Amino acid sequence: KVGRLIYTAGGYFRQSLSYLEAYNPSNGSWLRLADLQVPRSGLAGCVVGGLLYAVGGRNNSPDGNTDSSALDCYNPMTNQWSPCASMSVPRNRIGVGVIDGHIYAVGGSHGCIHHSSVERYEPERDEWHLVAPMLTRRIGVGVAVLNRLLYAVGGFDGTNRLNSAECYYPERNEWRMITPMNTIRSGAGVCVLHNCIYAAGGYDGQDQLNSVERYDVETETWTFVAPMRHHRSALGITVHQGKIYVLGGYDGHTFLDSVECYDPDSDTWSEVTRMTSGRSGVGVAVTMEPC
Ligand SMILES: O=C(O)C[C@H](c1ccc2c(c1)OCO2)c1ccc2ccc(OCC(=O)N[C@H]3C=CCCC3)cc2c1
Ligand SMILES: [Cl-]
Ligand SMILES: [Cl-]
């Protein structure tokens, strides 16, 4: 369990960013690591086999906006990024989840297209293949995996921001709606802790949110927990040693540098550190410290 860091890749502040930085909860330190080859915001991060993957996003620059179909892998042992096979389609504001060593890329946008499509990456073959599409088009979708089922939560379908959510059952290659959230949320942070799917923050179409709700997969209910200290949309999120960490985002005024940590035992959020600069739209995941 020891020696794992929270990695934050990419993001947005004025333009899309190439930063890869890693935070050590055990000593409070931050490390700046190898930049992404292409700056991206609206990407997702995940880890398989100790390698960190950056999936999708968009490169916003003064010279334009390019939605990304890229999959790039970072090896902490070498501090190097390598390109992997690209997805079938660019996906900005994507959601990803990992089941049994396979990466699922969910939704996202390509220009004015809002995807319902979903595709699955096999690291051992370096190949993507499409799977069944969601029942709803969703960008800014939160994705998490619990008990080898994949959940897609909230987002924006091109017309309305969503409180709906759905679950993918891999052995039937089928999506089914689940109970909708109590709040409309696009760009929320979605993760799994214990037997629940948490949805933190986001934008309800009117304001950035500090509220947080969790879906108990057994009872099929959404319940609010303690709100974050800060309203945040387009936040990064991950879980580490039994606590949720939320990183950055936009509060309606500032791009936040604050990182908050949720303790489910006390139902409290605490501010634990600050990123090196404020940003939104980052990809976040946990793996071993680099060499
Ligand atoms: O609901 C919508 O229509 C789209 C929705 C959104 C959310 C909150 C908003 C909002 C728009 O408008 C002001 O608050 C969204 C959802 C997830 C994202 C993930 C990543 C991402 O990456 C780039 C990025 O961070 N851009 C930011 C620039 C300035 C502030 C907004 C975002 C942008 C995302 C945007
Ligand atoms: Cl964007
Ligand atoms: Cl992961």
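Numbers for residues simply follow the sequence, beginning at 1. Each ligand, and each atom within it, is numbered from 1 in the order the structure gives.
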Query - Where ligand 1 meets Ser233 - atom numbers and elements under 4.0 angstrom, heavy-atom basis - result: 8 (C), 9 (C), 14 (O)
Query raised in the report: Which atoms of ligand 1 are found less than 4.0 Å from any heavy atom of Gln208?
Result: 14 (O)
Query raised in the report: Based purely on interatomic distance, does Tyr12 place a nitrogen or oxygen under 3.5 Å from a nitrogen or oxygen of ligand 1?
Result: no
Report summary line: From the list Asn182, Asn163, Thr223, side-chain contact (heavy atoms from CB on, under 4.5 Å) partner of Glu213 resolves to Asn182
Query raised in the report: Who gets closest to atom 5 (C) of ligand 1 by heavy atom: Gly140, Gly187, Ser186?
Result: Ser186
Query - Linked, directly or transitively: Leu193 and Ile237 (ILVMFWY side chains, under 4.5 Å) - result: yes
Requested in this report: Count the heavy atoms belonging to other residues, nucleotides or ligands that lie under 6.0 Å from CG of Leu149, then report whether that count exceeds 12.
Outcome: yes
Query raised in the report: Could you give all pairs that pass the ring pair (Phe, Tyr, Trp, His ring centres under 6.0 Å) test and reach residues 138-193, with sequence neighbours left out?
Result: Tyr104-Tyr168, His114-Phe156, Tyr168-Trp175
Query - Flag if over 12 foreign heavy atoms under 6.0 Å of CD, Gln206 - result: no
Query raised in the report: Taking the non-hydrogen atoms of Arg58, is any one of them nearer than 4.0 angstrom to ligand 1?
Result: no
**Report entry** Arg137, CZ atom: more than 12 neighbouring heavy atoms under 6.0 Å
**Finding:** no
**Report entry** Where ligand 1 meets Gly281 - atom numbers and elements under 4.0 angstrom, heavy-atom basis
**Finding:** 20 (C), 22 (O), 25 (O)
**Report entry** Identity and separation of the nearest protein heavy atom to atom 32 (C) of ligand 1
**Finding:** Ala234 CB, 4.4 Å
Query raised in the report: How close does the nearest protein non-hydrogen atom get to atom 24 (C) of ligand 1, and which residue and atom is it?
Result: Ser280 OG, 3.7 Å
**Report entry** ligand 1 N/O within reach of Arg161 N/O, cut-off under 3.5 Å
**Finding:** yes
Query raised in the report: What are the two closest non-hydrogen atoms of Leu43 and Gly56, and how far apart are they?
Result: CB-O, 3.4 Å
Query - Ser41 neighbourhood, listing ligand 1 atoms whose heavy-atom distance to it stays under 4.0 Å - result: 22 (O), 23 (C)
Query raised in the report: Are any non-hydrogen protein atoms located under 4.0 Å from atom 30 (C) of ligand 1?
Result: yes
Report task. Using protein heavy atoms only, decide if any is under 4.0 Å from atom 12 (O) of ligand 1. Result -> no
Requested in this report: Using a strict cut-off of less than 4.0 Å between a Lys/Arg side-chain nitrogen and an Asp/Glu carboxylate oxygen, indicate whether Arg58 and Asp67 qualify as a salt bridge.
Outcome: yes
Query raised in the report: What residue and heavy atom of the protein are closest to atom 7 (C) of ligand 1, and at what distance?
Result: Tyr203 CB, 3.8 Å
Report task. May I ask you to list the atoms of ligand 1 that are less than 4.0 angstrom from any heavy atom of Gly42? Result -> 20 (C), 21 (C), 22 (O)
Query raised in the report: Who's closest to atom 4 (C) of ligand 1 heavy-atom-wise, of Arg93, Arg14, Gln15?
Result: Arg93
**Report entry** Joint cluster assignment, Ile184 & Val153, ILVMFWY side-chain distance < 4.5 Å
**Finding:** no
